[PDB]
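Here's the structure we're looking at; comments come further down.
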Amino acid sequence: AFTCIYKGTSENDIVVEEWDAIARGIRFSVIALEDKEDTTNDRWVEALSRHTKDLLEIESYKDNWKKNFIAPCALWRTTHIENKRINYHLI
Amino acid sequence: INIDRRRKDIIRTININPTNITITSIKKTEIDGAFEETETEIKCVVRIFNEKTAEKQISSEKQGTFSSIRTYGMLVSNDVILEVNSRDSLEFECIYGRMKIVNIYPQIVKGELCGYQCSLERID
């Protein structure tokens with residue numbers, strides 16, 4: 001499966017006289033062709049996607065978009081990670 | 001060649017297969033850096049003939065679509081002076097598309113005009 005996203009329309013509305021026709025080009029796109037798993041080793045992302053699914057009753061994709069996403073949906077990627085040793089025993 | 005021989009030939013040739021015509025002349029005159037058009041009309045008996053085996057061109061675009069062909073020539077006597085420039089045009093209503101006098105070849109003998117040989121676009 002997959003899910004097309006409407007992006008726009010061709011440059012102008014062209015007339016093609018030899019074919020005796022009028023044409024217009026609608027422009028779609030598809031997301032995340034390669035991704036085929038919908039799973040993550042980021043435990044935090046898994047936890048928050050589960051929380052969003054339970055709270056909200058919609059699909060929740062974990063690491064990145066998947067091509068067959070079912071709108072309405074949510075995504076919970078991680079963008080930045082910082083680690084600190086705040087103590088001898090604590091991180 | 002004598003002038004009278006050419007006159008007889010052209011008048012006879014026109015009279016074998018004549019067609020009455022209403023050439024409408026639209027002359028552009030420069031006025032303050034732009035054109036002012038004065039439309040005038042004339043009538044001439046004329047013979048129309050095929051001069052070229054050309055092919056029909058079609059020019060379709062957002063301004064419009066029109067198709068012309070350069071096949072038809074035309075022959076007209078000395079009765080009326082004709083002139084076609086970049087700034088002047090001569091056209092008329094043939095039932096099968098409007099004709100347009102692209103070019104005028106004046107048949108002159110010893111500096112005396114005796115008739116025009118002509119070429120047309122039949123603008124569909």
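How things are named: the first chain in the structure tokens is A, the next is B, and so on; residues count from 1 in each chain; ligands count from 1 in the order shown.
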
Using only C-alpha atoms and a distance of at most 10 Å, pull out the residues of chain A that contact chain B, as a list in words. residues 13, 14, 15, 16, 17 and 18 of chain A

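For residue 6 (chain B), the list of residues within 10 Å, based on only C-alpha atoms and with local chain neighbours fewer than 5 positions off taken out, reads residues 1, 11, 12, 107, 108, 109, 114 and 115 of chain B.
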
Please save N, CA, C and O atoms of the selected residues as a PDB file, in the first residue's frame.
```pdb
ATOM      1  N   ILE B   1       8.045  42.462 -76.608  1.00  0.00           N
ATOM      2  CA  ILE B   1       6.577  42.338 -76.384  1.00  0.00           C
ATOM      3  C   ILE B   1       5.943  43.719 -76.322  1.00  0.00           C
ATOM      4  O   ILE B   1       6.535  44.659 -75.794  1.00  0.00           O
ATOM      5  N   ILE B  11      -6.351  40.293 -69.667  1.00  0.00           N
ATOM      6  CA  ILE B  11      -7.800  40.444 -69.611  1.00  0.00           C
ATOM      7  C   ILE B  11      -8.483  39.150 -70.030  1.00  0.00           C
ATOM      8  O   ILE B  11      -9.462  38.724 -69.406  1.00  0.00           O
ATOM      9  N   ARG B  12      -7.977  38.494 -71.077  1.00  0.00           N
ATOM     10  CA  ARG B  12      -8.552  37.218 -71.484  1.00  0.00           C
ATOM     11  C   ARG B  12      -8.427  36.193 -70.370  1.00  0.00           C
ATOM     12  O   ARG B  12      -9.398  35.506 -70.035  1.00  0.00           O
ATOM     13  N   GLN B 107       3.162  43.314 -63.185  1.00  0.00           N
ATOM     14  CA  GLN B 107       3.567  43.010 -64.551  1.00  0.00           C
ATOM     15  C   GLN B 107       3.744  44.318 -65.306  1.00  0.00           C
ATOM     16  O   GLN B 107       2.763  44.935 -65.732  1.00  0.00           O
ATOM     17  N   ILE B 108       4.994  44.733 -65.476  1.00  0.00           N
ATOM     18  CA  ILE B 108       5.346  45.986 -66.128  1.00  0.00           C
ATOM     19  C   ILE B 108       5.968  45.660 -67.475  1.00  0.00           C
ATOM     20  O   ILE B 108       6.737  44.702 -67.594  1.00  0.00           O
ATOM     21  N   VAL B 109       5.618  46.446 -68.490  1.00  0.00           N
ATOM     22  CA  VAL B 109       6.214  46.349 -69.817  1.00  0.00           C
ATOM     23  C   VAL B 109       6.645  47.751 -70.224  1.00  0.00           C
ATOM     24  O   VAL B 109       5.800  48.638 -70.396  1.00  0.00           O
ATOM     25  N   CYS B 114       0.731  46.919 -66.407  1.00  0.00           N
ATOM     26  CA  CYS B 114      -0.329  46.276 -67.172  1.00  0.00           C
ATOM     27  C   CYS B 114      -1.128  45.253 -66.384  1.00  0.00           C
ATOM     28  O   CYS B 114      -2.020  44.625 -66.964  1.00  0.00           O
ATOM     29  N   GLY B 115      -0.852  45.067 -65.097  1.00  0.00           N
ATOM     30  CA  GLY B 115      -1.565  44.095 -64.294  1.00  0.00           C
ATOM     31  C   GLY B 115      -0.661  43.513 -63.235  1.00  0.00           C
ATOM     32  O   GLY B 115       0.564  43.595 -63.359  1.00  0.00           O
TER      33      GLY B 115
END
```

Mind checking which residues fall within 8 Å of residue 103 (chain B), counting only C-alpha atoms, ignoring those fewer than 5 positions away in the same chain, and posting them as a count of residues only? 4

Please report the interatomic distance between CA of residue 44 (chain A) and CA of residue 63 (chain A) in Å with one decimal.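 Between CA of residue 44 (chain A) and CA of residue 63 (chain A) the gap is 10.6 Å.
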
From the list A:78, A:68, A:3, A:87, which residue is nearest residue 45 (chain A) when using only C-alpha atoms?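 Of A:78, A:68, A:3, A:87, the one nearest residue 45 (chain A) is A:78, counting only C-alpha atoms.
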
I'd like the neighbourhood of residue 75 (chain A) as a PyMOL selection string, where a residue qualifies if any of its atoms comes within 6 Å (using only C-alpha atoms), though same-chain residues fewer than 2 positions away should be ignored. chain A and resi 60-62

What residues in chain A get the DSSP label strand (DSSP E or B)? Please answer as an MDAnalysis selection string. chainID A and resid 5:9 14:16 21:23 26:29 59:61 73:75

Export N, CA and C atoms of the chosen residues as a PDB file, in the first residue's frame?
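And here is the file that came out, selection_37.pdb:
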```pdb
ATOM      1  N   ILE A   5       0.082  12.152  -1.617  1.00  0.00           N
ATOM      2  CA  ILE A   5      -0.094  13.474  -1.028  1.00  0.00           C
ATOM      3  C   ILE A   5      -0.219  14.469  -2.165  1.00  0.00           C
ATOM      4  N   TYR A   6      -1.308  15.224  -2.174  1.00  0.00           N
ATOM      5  CA  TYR A   6      -1.494  16.243  -3.192  1.00  0.00           C
ATOM      6  C   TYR A   6      -0.476  17.358  -3.008  1.00  0.00           C
ATOM      7  N   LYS A   7       0.296  17.636  -4.060  1.00  0.00           N
ATOM      8  CA  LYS A   7       1.341  18.653  -4.013  1.00  0.00           C
ATOM      9  C   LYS A   7       0.972  19.883  -4.827  1.00  0.00           C
ATOM     10  N   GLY A   8       0.320  19.701  -5.968  1.00  0.00           N
ATOM     11  CA  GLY A   8      -0.059  20.848  -6.765  1.00  0.00           C
ATOM     12  C   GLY A   8      -0.548  20.527  -8.160  1.00  0.00           C
ATOM     13  N   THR A   9      -0.093  21.291  -9.146  1.00  0.00           N
ATOM     14  CA  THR A   9      -0.606  21.165 -10.501  1.00  0.00           C
ATOM     15  C   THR A   9       0.470  21.634 -11.468  1.00  0.00           C
ATOM     16  N   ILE A  14      -2.377  23.266 -20.643  1.00  0.00           N
ATOM     17  CA  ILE A  14      -1.855  23.218 -22.001  1.00  0.00           C
ATOM     18  C   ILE A  14      -2.942  22.738 -22.944  1.00  0.00           C
ATOM     19  N   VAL A  15      -2.916  23.277 -24.159  1.00  0.00           N
ATOM     20  CA  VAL A  15      -3.756  22.830 -25.260  1.00  0.00           C
ATOM     21  C   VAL A  15      -2.845  22.192 -26.292  1.00  0.00           C
ATOM     22  N   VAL A  16      -3.228  21.017 -26.763  1.00  0.00           N
ATOM     23  CA  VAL A  16      -2.435  20.232 -27.707  1.00  0.00           C
ATOM     24  C   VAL A  16      -3.289  20.080 -28.960  1.00  0.00           C
ATOM     25  N   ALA A  21      -6.927  18.109 -27.931  1.00  0.00           N
ATOM     26  CA  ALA A  21      -7.215  17.825 -26.538  1.00  0.00           C
ATOM     27  C   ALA A  21      -6.728  18.978 -25.685  1.00  0.00           C
ATOM     28  N   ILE A  22      -7.239  19.017 -24.462  1.00  0.00           N
ATOM     29  CA  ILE A  22      -6.783  19.926 -23.424  1.00  0.00           C
ATOM     30  C   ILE A  22      -6.324  19.073 -22.258  1.00  0.00           C
ATOM     31  N   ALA A  23      -5.168  19.412 -21.704  1.00  0.00           N
ATOM     32  CA  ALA A  23      -4.528  18.597 -20.690  1.00  0.00           C
ATOM     33  C   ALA A  23      -4.223  19.439 -19.466  1.00  0.00           C
ATOM     34  N   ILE A  26      -1.899  16.998 -12.669  1.00  0.00           N
ATOM     35  CA  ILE A  26      -1.953  17.025 -11.216  1.00  0.00           C
ATOM     36  C   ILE A  26      -0.668  16.392 -10.717  1.00  0.00           C
ATOM     37  N   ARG A  27      -0.156  16.891  -9.600  1.00  0.00           N
ATOM     38  CA  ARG A  27       1.164  16.541  -9.101  1.00  0.00           C
ATOM     39  C   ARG A  27       1.030  15.994  -7.689  1.00  0.00           C
ATOM     40  N   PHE A  28       1.316  14.707  -7.521  1.00  0.00           N
ATOM     41  CA  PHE A  28       1.256  14.019  -6.239  1.00  0.00           C
ATOM     42  C   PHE A  28       2.664  13.645  -5.795  1.00  0.00           C
ATOM     43  N   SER A  29       2.755  13.017  -4.627  1.00  0.00           N
ATOM     44  CA  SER A  29       4.028  12.508  -4.144  1.00  0.00           C
ATOM     45  C   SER A  29       3.763  11.420  -3.118  1.00  0.00           C
ATOM     46  N   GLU A  59      -3.462   6.015  14.674  1.00  0.00           N
ATOM     47  CA  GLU A  59      -2.196   5.352  14.420  1.00  0.00           C
ATOM     48  C   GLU A  59      -1.052   6.255  14.855  1.00  0.00           C
ATOM     49  N   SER A  60       0.032   5.637  15.316  1.00  0.00           N
ATOM     50  CA  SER A  60       1.196   6.370  15.810  1.00  0.00           C
ATOM     51  C   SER A  60       2.444   5.673  15.285  1.00  0.00           C
ATOM     52  N   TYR A  61       3.112   6.308  14.332  1.00  0.00           N
ATOM     53  CA  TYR A  61       4.319   5.770  13.729  1.00  0.00           C
ATOM     54  C   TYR A  61       5.533   6.274  14.489  1.00  0.00           C
ATOM     55  N   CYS A  73      -3.096  10.612  11.719  1.00  0.00           N
ATOM     56  CA  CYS A  73      -2.067   9.823  12.380  1.00  0.00           C
ATOM     57  C   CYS A  73      -1.114  10.774  13.080  1.00  0.00           C
ATOM     58  N   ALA A  74      -0.174  10.195  13.821  1.00  0.00           N
ATOM     59  CA  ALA A  74       0.836  10.958  14.534  1.00  0.00           C
ATOM     60  C   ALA A  74       2.177  10.259  14.402  1.00  0.00           C
ATOM     61  N   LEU A  75       3.245  11.030  14.567  1.00  0.00           N
ATOM     62  CA  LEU A  75       4.604  10.520  14.506  1.00  0.00           C
ATOM     63  C   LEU A  75       5.388  11.106  15.669  1.00  0.00           C
TER      64      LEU A  75
END
```

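Residue nearest residue 32 (chain A) within the list A:81, A:1, A:90, A:56: A:1 [criterion: smallest interatomic distance, only C-alpha atoms].
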
Shell of 10 Å around residue 67 (chain B), only C-alpha atoms, local chain residues under 6 positions omitted, as a PyMOL selection string: chain B and resi 56-60+97+121-124
